[PDB]
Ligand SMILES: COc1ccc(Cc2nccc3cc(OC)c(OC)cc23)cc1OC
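Only one chain is shown below, in structure tokens, and it's the form solved without the named molecule.
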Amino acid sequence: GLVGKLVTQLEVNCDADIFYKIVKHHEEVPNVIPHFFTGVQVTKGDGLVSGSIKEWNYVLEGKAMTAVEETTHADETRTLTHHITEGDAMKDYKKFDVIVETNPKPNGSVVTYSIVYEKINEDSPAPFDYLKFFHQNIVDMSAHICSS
């Protein structure tokens, strides 16, 4: 009950490496949803950007919220990670991390969004509201991509 993971996995008709590069450089929130962020980019030492630290302001199921999150990526495994350190979600969770992976189908690709969480206590909900939000956002992004 206290430690868990929620996952939404979707099949997309796109090469895994190409789709990963699309997800990596696209804002995961459509413009119709109220949101913006401020923050910084993170570099690795050679001066190239390797990630970001952002304070998001967004509206989820009608309620305005804030989150501070550090994003990192691993190109070799086509994995993006968002590590939330502060904000409304931290009233419910001791830990809240969002992991986005893209892999070729064993046969297009499979995209997996995982929310790895630890609740503050048993009265805390599991993050189904966030899972649906991330799901609908990635479906919206994928609906605007097509072949050729």
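Start at 1 and count along the sequence shown; that's the residue number.
Keep in mind the form solved in complex with the named molecule is missing from the figure; the text below concerns it.
- The contact residue chosen from 110, 116, 80, 67 relative to the named molecule in the deposited bound form is 67, the criterion being a non-hydrogen atom within 4.5 angstroms.
- In the deposited bound form, none of the heavy atoms of residue 104 sits within 4.5 Å of a heavy atom of the named molecule.
- Interface membership of residue 39, defined by any non-hydrogen atom within 4.5 Å of the named molecule in the deposited bound form, is ruled out.
- The named molecule in the deposited bound form comes within 4.5 Å of a heavy atom belonging to residue 137.
- Interface residues of 79 to 93, taken as those with a heavy atom within 4.5 Å of the named molecule in the deposited bound form (partner not displayed): 82, 84, 89, in sequence order.
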